[PDB]
Amino acid sequence: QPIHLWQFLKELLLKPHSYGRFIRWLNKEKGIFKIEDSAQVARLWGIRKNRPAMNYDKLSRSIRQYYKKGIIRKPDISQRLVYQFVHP
DNA sequence: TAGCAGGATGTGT
DNA sequence: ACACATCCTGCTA
């Protein structure tokens with residue numbers, strides 16, 4: 001079973017030493033993160049899944065599919081490149 | 001420019 | 001079934 005996108009995102013967020021210039025917690029407790037380097041996050045996701053055509057347009061389309069699943073959501077005050085984990 | 005909401009359909013297990 | 005990936009239009013900062 002391939003890694004899921006939400007888990008992949010949590011993985012990058014776990015190690016700011018390695019990935020902090022690409023993606024970071026804005027509010028760790030509330031699960032609010034910012035994508036700082038969208039092209040880079042998409043590039044890393046494409047490598048992980050072996051989709052060399054992956055880009056942020058398509059990565060973010062998959063994040064949006066999470067809205068109705070209650071996995072990721074946009075924060076109360078919506079901001080570009082800012083997202084929020086619903087649970088843990 | 002670049003990101004964002006969500007439909008339709010292709011891909012691979 | 002499931003989780004995307006890949007196309008799309010229209011919308012928004």
Side-chain angles (χ1 to χ4, degrees), chain A residues 2-88:
Chain A
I3 191 83
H4 298 154
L5 174 63
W6 72 260
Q7 300 172 314
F8 172 84
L9 294 172
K10 279 182 165 183
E11 199 191 304
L12 296 183
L13 280 158
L14 179 66
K15 300 174 184 171
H17 176 97
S18 318
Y19 308 114
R21 276 64 60 204
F22 313 140
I23 190 177
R24 69 189 178 95
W25 289 118
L26 296 185
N27 188 321
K28 185 181 187 175
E29 194 281 321
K30 282 177 166 36
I32 309 175
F33 61 99
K34 191 171 169 159
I35 295 171
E36 291 283 3
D37 194 330
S38 68
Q40 256 299 127
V41 175
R43 177 192 142 266
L44 293 175
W45 178 232
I47 294 164
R48 183 65 65 92
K49 292 289 291 302
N50 190 27
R51 326 314 304 235
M54 186 51 57
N55 60 24
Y56 180 78
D57 283 342
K58 292 181 283 179
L59 185 154
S60 60
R61 181 69 196 89
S62 285
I63 296 174
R64 293 199 285 278
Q65 295 281 180
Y66 286 143
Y67 299 169
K68 74 180 290 179
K69 299 274 174 290
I71 294 169
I72 291 163
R73 75 166 180 104
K74 231 52 160 87
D76 278 299
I77 301 152
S78 198
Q79 293 170 46
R80 294 156 99 260
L81 294 170
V82 180
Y83 295 93
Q84 181 171 193
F85 288 102
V86 176
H87 298 296

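For the numbers below, each heavy atom of this structure counts, side chains included, while hydrogens, waters and symmetry mates do not. The chains referred to below are lettered A, B, ... by the order of the sequence lines, with proteins before strands, and numbering in each begins at 1.
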A.B. asks: Without decimals, in angstroms, what is the distance between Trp6(A) CH2 and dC2(C) P?
C.D. replies: 16 Å
A.B. asks: With a 4.0 Å limit, can you tell me whether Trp45(A) has a side-chain N or O closer than that to the phosphate oxygens OP1/OP2 of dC4(C)?
C.D. replies: no
A.B. asks: In whole Å, what is the span from the CD1 atom of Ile47(A) to the P atom of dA5(C)?
C.D. replies: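 Taking atom P of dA5(C) as the reference, CD1 of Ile47(A) is at 14 Å.
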A.B. asks: Starting from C1' on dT12(C), measure out to CD1 on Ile77(A) and report it in whole angstrom.
C.D. replies: 17 Å
A.B. asks: How far does OH of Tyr83(A) sit from CG of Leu26(A), to the nearest 0.5 angstrom?
C.D. replies: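 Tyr83(A) OH to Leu26(A) CG: 12.5 Å, rounded to 0.5 Å.
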A.B. asks: For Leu5(A), report the nucleic acid contact type (base, sugar-phosphate, nothing); a contact means any heavy atom under 4.0 Å.
C.D. replies: sugar-phosphate
A.B. asks: If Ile, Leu, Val, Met, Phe, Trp and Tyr residues are connected whenever their side-chain heavy atoms lie under 4.5 Å apart, and connections chain through other members, are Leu13(A) and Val41(A) in the same group?
C.D. replies: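 Linked, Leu13(A) and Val41(A) end up in one cluster.
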A.B. asks: Would one find more than 12 heavy atoms of other residues, nucleotides or ligands at under 6.0 Å from atom NZ of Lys30(A)?
C.D. replies: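 At most 12 heavy atoms, drawn from other residues, nucleotides or ligands, come within 6.0 Å of this atom.
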A.B. asks: Are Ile47(A) and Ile63(A) joined in one hydrophobic group, where the rule is that I, L, V, M, F, W and Y side chains link up if heavy atoms are under 4.5 Å apart?
C.D. replies: no
A.B. asks: So which protein nitrogen or oxygen atoms get under 3.5 Å of nucleotides 3-6 of chain B's nitrogens or oxygens?
C.D. replies:
unit_1, atom_1, unit_2, atom_2, d
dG3(B), OP1, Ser38(A), OG, 2.8
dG3(B), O4', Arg80(A), NH2, 3.1
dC4(B), OP1, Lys74(A), NZ, 2.9
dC4(B), OP1, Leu81(A), N, 2.8
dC4(B), OP1, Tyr83(A), OH, 3.4
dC4(B), OP2, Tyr56(A), OH, 2.8
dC4(B), OP2, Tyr83(A), OH, 2.7
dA5(B), OP2, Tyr67(A), OH, 2.6
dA5(B), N7, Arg64(A), NE, 3.2
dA5(B), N7, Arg64(A), NH2, 3.4
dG6(B), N7, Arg61(A), NE, 3.3
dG6(B), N7, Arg64(A), NE, 3.0
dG6(B), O6, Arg64(A), NH2, 3.1

A.B. asks: Could you pull out the closest heavy-atom pair between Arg21(A) and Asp37(A), with the gap in Å?
C.D. replies: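 For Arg21(A) versus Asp37(A), the nearest heavy atoms are O-CB, 3.9 Å.
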A.B. asks: Measure the distance from CD on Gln65(A) to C1' on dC7(C) and round it to the nearest whole Å.
C.D. replies: 13 Å
A.B. asks: When the distance from NZ of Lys34(A) to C1' of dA13(C) is rounded to whole Å, what number comes out?
C.D. replies: 13 Å
A.B. asks: NZ of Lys49(A) versus P of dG12(B): gap in Å, rounded?
C.D. replies: 12 Å
A.B. asks: Report yes if at least one side-chain N or O of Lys58(A) is closer than 4.0 Å to OP1 or OP2 of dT6(C); otherwise report no.
C.D. replies: yes
A.B. asks: Indicate whether OP1 or OP2 belonging to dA3(C) is found under 4.0 Å from a side-chain N or O atom of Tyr66(A).
C.D. replies: no
A.B. asks: Measure up the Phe8(A) and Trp45(A) rings against each other and bin them: parallel (under 30°), tilted (30 to 60°), perpendicular (over 60°).
C.D. replies: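 If you compare the ring of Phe8(A) with that of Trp45(A), the planes turn out tilted.
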A.B. asks: Taking CD1 from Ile63(A) and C1' from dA5(C), how many angstroms apart are they, rounded to a whole number?
C.D. replies: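 Spelled out: CD1 on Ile63(A) to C1' on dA5(C) is 14 Å.
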